[PDB]
Peer 1: 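Take this structure first; my questions come after.
Along the sequence shown, the residues carry numbers beginning at 1.
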Amino acid sequence: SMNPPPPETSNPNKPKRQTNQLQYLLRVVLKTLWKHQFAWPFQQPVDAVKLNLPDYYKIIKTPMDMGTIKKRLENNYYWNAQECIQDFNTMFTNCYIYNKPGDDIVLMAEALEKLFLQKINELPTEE
Ligand SMILES: Cc1noc(C)c1-c1cc(O)cc([C@@H](O)c2cccnc2)c1
């Protein structure tokens with residue numbers, strides 16, 4: 001079995017812009033979620049081969065993870081904060097679609113999501 005290519009993190013054709021909100025997403029939001037005790041399953045793309053989940057990429061067609069998000073932030077991939085917020089949302093929603101409501105991995109995602117939303121409440125206004 002095989003994993004798909006990861007989500008795009010480099011594209012010289014895509015216009016880029018640094019914004020105070022993007023800087024906050026890296027320096028506050030991502031950094032805080034990354035250090036959380038439940039972050040580890042989310043720090044890299046799901047390796048469906050290693051985890052013996054052959055159905056994963058049949059069910060999840062818009063994959064996303066914090067490793068990818070970290071690279072997109074550090075390598076200035078984004079034009080705006082909404083693109084980055086959408087990536088986090090995709091990551092959470094994927095987890096909830098693929099797994100069962102009770103599952104440990106779901107409780108971990110929910111903890112991270114609660115935290116994420118608290119941090120998004122302090123998103124600075126655009127300079
Ligand atoms: C994220 C995500 N979304 O769907 C799946 C499935 C994962 C996932 C990713 C991993 O890297 C490891 C594990 C699994 O071994 C685990 C981790 C923690 C608790 N309970 C189970 C699950």
Peer 1: State which residues pass salt bridge (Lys or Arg N to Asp or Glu O under 4.0 Å) with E83; sequence neighbours excluded, sorted by chain then number.
Peer 2: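 Testing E83 for salt bridge (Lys or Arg N to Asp or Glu O under 4.0 Å), a comparison that skips the adjacent residues, returns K14.
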Peer 1: Going by salt bridge (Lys or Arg N to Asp or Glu O under 4.0 Å), name the residues that satisfy it together with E74, two or more places apart in sequence or in a different chain.
Peer 2: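 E74: salt bridge (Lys or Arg N to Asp or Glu O under 4.0 Å) contacts with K70.
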Peer 1: So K100 and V106, do their side chains get closer than 4.5 Å, heavy atoms only?
Peer 2: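 Sidechains of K100 and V106: no contact.
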Peer 1: May I ask you to check whether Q86 and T90 show a side-chain donor-acceptor distance below 3.5 Å?
Peer 2: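 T90 and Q86 do have a side-chain donor-acceptor pair below 3.5 Å.
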Peer 1: Looking at CG of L25 and CG of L33, how far apart are the two atoms once the value is rounded to the nearest 0.5 Å?
Peer 2: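 Spacing of CG (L25) from CG (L33) equals 10.5 Å.
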Peer 1: What verdict does the side-chain contact (heavy atoms from CB on, under 4.5 Å) test give for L30 and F88, after you've listed the backbone C-alpha separation in whole Å, the side-chain angles of each residue and the deciding distance to 0.1 Å?
Peer 2: CA-CA 10 Å; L30 184 282; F88 277 100; 4.2 Å; yes
Peer 1: Please report the interatomic distance CG(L115) to CD1(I120), rounded to the nearest 0.5 Å.
Peer 2: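 Here the interatomic distance stands at 10.5 Å.
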Peer 1: Quick check: do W34 and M66 have side-chain heavy atoms less than 4.5 Å from each other?
Peer 2: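 Yes, their side chains come closer than 4.5 Å.
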Peer 1: Checking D65 now: which residues fulfil salt bridge (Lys or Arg N to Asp or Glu O under 4.0 Å) with it, not counting sequence neighbours?
Peer 2: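 Result, salt bridge (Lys or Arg N to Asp or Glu O under 4.0 Å) vs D65: none returned.
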Peer 1: Is there a donor-acceptor contact under 3.5 Å from the side chain of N75 to the main chain of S10?
Peer 2: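 Here the side-chain-to-backbone pair does not exist.
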Peer 1: Not counting sequence neighbours, list each pair that qualifies as a side chain to side chain donor-acceptor pair (under 3.5 Å) and has a residue in residues 36-49.
Peer 2: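 Matches after skipping sequence neighbours: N3-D47.
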Peer 1: Show your reasoning for whether side-chain contact (heavy atoms from CB on, under 4.5 Å) applies to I69 and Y78.
Peer 2: CA-CA 10 Å; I69 294 166; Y78 295 121; 3.9 Å; yes
Peer 1: Using atom types as modelled and distance alone, determine if a side-chain donor or acceptor of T68 lies under 3.5 Å from a backbone N or O of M64.
Peer 2: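 Not a single qualifying donor-acceptor pair exists.
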Peer 1: How does the hydrophobic cluster around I60 look, that is, which other residues are in it when side-chain heavy atoms under 4.5 Å mark a link?
Peer 2: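 So far as hydrophobic clustering goes, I60 is joined with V46, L51, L53, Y56, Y57, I59, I97, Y98.
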Peer 1: Show me the pairs that pass salt bridge (charged side-chain N to carboxylate O under 4.0 Å, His left out) and involve residues 19-28, at least two apart or across chains.
Peer 2: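 Every candidate salt bridge (charged side-chain N to carboxylate O under 4.0 Å, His left out) pair involving residues 19-28 fails, so no pair, neighbours aside, qualifies.
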Peer 1: Using salt bridge (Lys or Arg N to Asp or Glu O under 4.0 Å) as the criterion, list what pairs up with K31, not counting sequence neighbours.
Peer 2: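 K31 satisfies salt bridge (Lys or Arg N to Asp or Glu O under 4.0 Å) with no other residue.
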Peer 1: Starting at OH of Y77, measure out to CG of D87 and round the result to the nearest 0.5 Å.
Peer 2: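 Between atom OH of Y77 and atom CG of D87 there are 8.0 Å.
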Peer 1: Grab the two heavy atoms, one from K16 and one from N11, that are nearest each other, plus how far apart they are.
Peer 2: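 Heavy-atom minimum between the residues: NZ-O, 2.8 Å.
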Peer 1: Does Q21 reach the main-chain N or O of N80 with its side chain, forming a donor-acceptor pair under 3.5 Å?
Peer 2: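 No: the side chain of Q21 does not pair with the backbone of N80.
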Peer 1: To the nearest 0.5 Å, what is the distance between CG on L22 and CG on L26?
Peer 2: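 Taking CG in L22 and CG in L26, the distance rounds to 9.0 Å.
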Peer 1: Under the ring-ring contact (aromatic ring centres under 6.0 Å, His included) test, which residues partner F42, sequence neighbours left out?
Peer 2: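 Not a single residue meets the ring-ring contact (aromatic ring centres under 6.0 Å, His included) criterion with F42.
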Peer 1: Backbone N or O of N99 within a donor-acceptor pair of the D103 side chain at under 3.5 Å?
Peer 2: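 The answer is no, because no donor-acceptor pair under 3.5 Å joins these two groups.
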Peer 1: Less than 3.5 Å apart, any donor N or O on the side chain of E113 or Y96 sitting next to an acceptor on the other?
Peer 2: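 Distance-only check passes for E113 and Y96.
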Peer 1: Please report the interatomic distance SG(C95) to CG(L112), rounded to the nearest 0.5 Å.
Peer 2: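 Taking SG in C95 and CG in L112, the distance rounds to 9.0 Å.
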Peer 1: Working to the nearest 0.5 Å, report the span between CG of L123 and CD1 of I85.
Peer 2: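 Taking CG in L123 and CD1 in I85, the distance rounds to 5.5 Å.
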Peer 1: Return the set of residues passing side chain to side chain donor-acceptor pair (under 3.5 Å) with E110 (not counting sequence neighbours), or none when no residue passes.
Peer 2: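 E110: no side chain to side chain donor-acceptor pair (under 3.5 Å) contacts found.
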Peer 1: Where do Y24 and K119 land on the side-chain contact (heavy atoms from CB on, under 4.5 Å) test, with the steps shown first?
Peer 2: CA-CA 9 Å; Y24 171 89; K119 299 285 149 226; 4.1 Å; yes
